[PDB]
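Protein chains in written order, with the authors' numbering: chain A, 36 to 364; chain B, 450 to 517; chain E, 29 to 41.
Where is the CB? At the ideal position from N, CA and C, for every residue including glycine.
Single-structure report; data block below.
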Amino acid sequence: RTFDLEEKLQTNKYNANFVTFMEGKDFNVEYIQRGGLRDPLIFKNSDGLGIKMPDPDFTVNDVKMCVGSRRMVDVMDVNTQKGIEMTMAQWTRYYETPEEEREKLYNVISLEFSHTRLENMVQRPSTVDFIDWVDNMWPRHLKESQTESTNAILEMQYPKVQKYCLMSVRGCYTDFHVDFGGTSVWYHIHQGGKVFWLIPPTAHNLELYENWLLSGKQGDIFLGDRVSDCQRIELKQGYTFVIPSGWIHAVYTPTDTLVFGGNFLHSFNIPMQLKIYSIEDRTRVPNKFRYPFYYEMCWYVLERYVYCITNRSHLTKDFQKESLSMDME
Amino acid sequence: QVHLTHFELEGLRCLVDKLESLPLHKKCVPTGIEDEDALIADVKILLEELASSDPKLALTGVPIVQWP
Amino acid sequence: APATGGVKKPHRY
Ligand SMILES: O=C(O)CNC(=O)C(=O)O
Ligand code: NI
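Quick look at the structure:
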């Protein structure tokens, strides 16, 4: 890394205002229908969101006891933005090591904890449940069949991207990116705080973004300096953030922090979701960092729409019979 | 007779053109789908029929797609 | 060695 992170945290130059500050009672499906979820949103307060979080003093070791000491986890080497892997017990030990004793900066942003004890301790905002393609489009009996709590692709019965635990030590940086498949992101600061930089996905900015990835000077160019308008903004403890599809963002951690969030495709900015997928195609992103079963899910979205409106099914007889059985529960 | 949002209508036109024009090896037609082609065709008709949806009447506050 | 999917991570440097 060849740019000075501390000036990027100190400058006033990132003074765009893209974020709408909202009350939770107003974040509903009518709002989504009306606005296309195009705008980043901040809920300073969790009222009317329908969220559920763990005990306020929950710790990384608590997380590890719910997901298992031996669960393998993706960790990010901050310095290089490369990925490594260790067990949650090892991660927990790193995280409990004193600041001055930790040789390297490591971040976890990719612990998906569905089908573990932790999963029922966390609930997203309700409105997400009304629009997430996983819930509303994927054949239910497949989703329900999932037993594996890791992200082993071979055991995966649906796109396992709904509930993530992110655990970050003071000093963590995640460089500019767009979430996989153009997914939208909900993001809840349980303990600590985060600083975000936000760039809107105008055609131009997405062009710069892709060019920047293909150039590999990502440690050299702070992408926010390359664009007309960038907003830097702090999330405090108990805030909830929603990031629309395509939004290019980086994130710094000023204090040890615990965050629960997750990713979701929806029916209201499909064009963007496809744009982002195609950028991953072109820049050759490994499958593992992508949204599982992307096109498969898109096929099921089409089938649902035609079925819910016209009442003609394009599912197999067996799949139709599995859905009837669940309708009768 | 139902009203979608333009967000959706334009989304679903993008999706159908997309999926239709992938080759065999990239199409990823999932296990539960019977006849993709018959699905593509029905989508296109549906979009013709909904092209005239009213923007204010689409704001129902509940999604077109729900489980019963 | 099981292959994974849905790993959240930006590109490397
Ligand atoms: O918190 C971090 O370090 C990075 N998080 C994200 O980019 C995210 O969840 O979308
Ligand atoms: Ni992100």
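Other residues of its chain near A/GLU131: CB distance less than 8 Å, five sequence neighbours each side excluded: Numbered from 1 along the first sequence, position 96 holds the residue referred to as residue 131 of chain A. Sequence-distant Cβ neighbours of A/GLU131 in its own chain, meaning closer than 8 Å and more than five residues away, are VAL95 and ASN96.
Interface flag, E/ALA31 vs chain A, CB-CB below 7 Å: As a first step, residue 31 of chain E must be located in the third sequence, where it is residue number 3. Taking 7 Å as the threshold, the shortest C-beta distance from E/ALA31 to chain A falls below it.
Three-pair Cβ contact test at 8 Å for the segment 210-222 of chain A versus the segment 296-316 of chain A: With the cut-off at 8 Å, the segment 210-222 of chain A and the segment 296-316 of chain A touch.
Cα-Cα separation between A/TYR49 and B/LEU458, rounded to whole angstroms: As a first step, residue 49 of chain A is located in the first sequence; it is residue number 14 there, counting from the start. As a first step, residue 458 of chain B is located in the second sequence; it is residue number 9 there, counting from the start. Pairing A/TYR49 with B/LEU458, the inter-Cα distance amounts to about 35 Å.
Contiguous beta strand (DSSP E) assignments of at least 3 residues, all confined to the segment 263-311 of chain A: With a minimum length of 3 residues, the continuous beta strand (DSSP E) runs that stay inside the segment 263-311 of chain A are 266-271, 275-278, 283-287 and 292-299.
Chain-ordered neighbours of A/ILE188 on chain E, where CB pairs are closer than 9 Å: Walking along the first sequence from the start, residue 188 of chain A turns up at place 153. Result: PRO30, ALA31, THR32, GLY33 and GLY34.
Proximity of A/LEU309 and B/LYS475 at Cβ, strictly below 7 Å: Indexing the first sequence from 1 puts residue 309 of chain A at position 274. Indexing the second sequence from 1 puts residue 475 of chain B at position 26. Judged by beta-carbon spacing, B/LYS475 lies beyond the 7 Å limit of A/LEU309, meaning their Cβ atoms are not closer than that value.
C-beta atoms of A/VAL110 and E/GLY34 nearer than 7 Å: Against the first sequence, residue 110 of chain A aligns to sequence position 75. Against the third sequence, residue 34 of chain E aligns to sequence position 6. Note that the C-beta distance between A/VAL110 and E/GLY34 is not below 7 Å.
Closer than 6 Å: A/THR209 CB and nearest ligand 1 heavy atom: Indexing the first sequence from 1 puts residue 209 of chain A at position 174. Yes, since a heavy atom of ligand 1 falls inside the 6 Å radius drawn around the Cβ of A/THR209.
Helix, strand or coil at A/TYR326 [DSSP, three-state]: Position 291 of the first sequence, counting from 1, holds the residue named residue 326 of chain A. If DSSP states are grouped into helix, strand and coil, A/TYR326 belongs with coil.
Alpha carbon of A/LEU241 to alpha carbon of A/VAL213, nearest angstrom: Translated into the one-based positions of the first sequence, residue 241 of chain A becomes position 206. Translated into the one-based positions of the first sequence, residue 213 of chain A becomes position 178. Taking the straight line from one Cα to the other gives about 10 Å.
Contact test: A/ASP214 Cβ vs ligand 2 heavy atom, cutoff 6 Å: Counting from one through the first sequence, the residue named residue 214 of chain A turns up at place 179. Checking the Cβ of A/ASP214 against ligand 2 gives yes.
Selected residue, minimal CA-CA separation from E/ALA29, among A/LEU189, A/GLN116 and A/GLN68: In the third sequence, the residue the question calls residue 29 of chain E occupies position 1. Among A/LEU189, A/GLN116 and A/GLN68, the Cα nearest to that of E/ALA29 belongs to A/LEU189.
Cα-Cα separation, E/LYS36 to B/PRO479: Within the third sequence, numbered from 1, the residue matching residue 36 of chain E stands at position 8. Within the second sequence, numbered from 1, the residue matching residue 479 of chain B stands at position 30. The C-alpha of B/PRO479 is placed about 24 Å away from the C-alpha of E/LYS36.
Top-ranked residue by Cα proximity to A/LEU44, from A/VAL230, A/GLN192, A/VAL64 and A/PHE215: As a position in the first sequence, residue 44 of chain A is number 9, starting the count at 1. Comparing Cα positions, the closest option is A/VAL230.
Where A/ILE344 meets chain E, residues with beta-carbon distance less than 7 Å: Position 309 of the first sequence, counted from the first residue, corresponds to residue 344 of chain A. Chain E residues near A/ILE344: none, gap ~30 Å exceeds 7 Å.
Where A/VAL157 falls, given that 16 or more other Cβ within 10 Å makes a residue buried: The residue given as residue 157 of chain A occupies position 122 in the first sequence. Looking at its Cβ environment, which holds 16 or more other Cβ atoms inside 10 Å, A/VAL157 is buried.
Within chain A, partners of B/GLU469 - CB distance below 9 Å: Residue numbering aside, residue 469 of chain B sits at position 20 when the second sequence is read from its first letter. The premise fails here: B/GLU469 is roughly 10 Å from chain A at the closest Cβ pair, so nothing lies under 9 Å.
Extent of the continuous beta strand (DSSP E) to which A/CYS200 belongs: Counting from one through the first sequence, the residue named residue 200 of chain A turns up at place 165. Here the beta strand (DSSP E) through A/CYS200 covers 199-203.
Rounded straight-line distance, which links the Cα of A/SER104 to that of A/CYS200: As a first step, residue 200 of chain A must be located in the first sequence, where it is residue number 165. As a first step, residue 104 of chain A must be located in the first sequence, where it is residue number 69. Looking at the backbone, the Cα of A/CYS200 and that of A/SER104 are separated by about 15 Å.
Cβ-based neighbour list, A/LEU270, same chain, cut-off 8 Å, excluding 5 preceding and 5 following: For the purposes of this step, residue 270 of chain A is identified with residue 235 of the first sequence, where counting begins at 1. So the list reads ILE77, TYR222, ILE224, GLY228, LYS229, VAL230, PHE231 and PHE276, once near-sequence residues are dropped.
A/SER358 classed as buried or exposed, judged by whether at least 16 other C-beta atoms fall within 10 angstroms: As a working note, residue 358 of chain A is residue 323 in the first sequence. With 16 or more other Cβ atoms within 10 Å, it is buried.
A/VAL110, DSSP secondary structure in three states: Within the first sequence, the letter at position 75 stands for residue 110 of chain A. If DSSP states are grouped into helix, strand and coil, A/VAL110 belongs with the strands.
Per-residue DSSP class, three states only, for A/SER145: Here residue 145 of chain A refers to the residue found at position 110 of the first sequence. It is a strand residue.
Residues that A/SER145 contacts on chain E, provided the C-beta gap is smaller than 7 Å: The count along the first sequence starts at 1 and reaches residue 145 of chain A at position 110. Residues of chain E passing the Cβ test: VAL35, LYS36 and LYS37.
Contact test: A/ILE224 Cβ vs ligand 1 heavy atom, cutoff 6 Å: By 1-based counting over the first sequence, the position of residue 224 of chain A is 189. No heavy atom of ligand 1 is found nearer than 6 Å to the CB of A/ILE224.
Contact with chain B by A/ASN171, beta-carbon distance below 7 Å: The sequence position of residue 171 of chain A within the first sequence is 136, counting from 1. Residue contact with chain B for A/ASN171: present (Cβ-Cβ distance below 7 Å to some residue of chain B).
Any non-hydrogen atom of ligand 1 within 6 Å of A/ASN186 CB: For this step, residue 186 of chain A is matched to residue 151 along the first sequence. Because no heavy atom of ligand 1 lies under 6 Å away, the Cβ of A/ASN186 does not count as near it: no.
Proximal chain B residues relative to A/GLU338, where beta-carbon distance stays under 7 Å: Numbered from its first residue, the first sequence carries residue 338 of chain A at position 303. Result: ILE482 and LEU488.
Cβ-Cβ separation, B/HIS455 to B/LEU506 (assumed contact under 8 Å), whole Å: Numbered from its first residue, the second sequence carries residue 506 of chain B at position 57. Numbered from its first residue, the second sequence carries residue 455 of chain B at position 6. That belief does not hold up - the Cβ atoms of B/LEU506 and B/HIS455 are roughly 12 Å apart, past 8 Å.
A/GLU120 in three-state terms, based on DSSP: Counted from its first residue, the first sequence places residue 120 of chain A at position 85. DSSP places A/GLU120 within a strand segment (E or B) once states are collapsed to three.
Counted within 10 angstroms of its Cβ, other Cβ atoms place B/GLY510 as buried (16 or more) or exposed: Within the second sequence, residue 510 of chain B is the residue found at index 61, counting from 1. Per the 10 Å Cβ criterion, exposed.
Chain B within 7 Å of A/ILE305, Cβ atoms only: Counting from 1 along the first sequence, the entry for residue 305 of chain A is found at position 270. Chain B, which has a Cβ nearer than 7 Å to the Cβ of A/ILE305, makes this yes.
Validate contact between the segment 153-173 of chain A and the segment 57-70 of chain A using beta carbons, cut 8 Å, 3 pairs: Enough Cβ pairs lie closer than 8 Å, so yes.
Cut-off 6 Å between Cβ atoms - residues of its own chain near A/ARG152, not counting five sequence neighbours on either side: Reading the first sequence from its first residue, position 117 is the one you call residue 152 of chain A. If you ignore the 5 residues before and after A/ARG152, its C-beta comes within less than 6 Å of the C-beta of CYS101, all in its own chain and listed in chain order.
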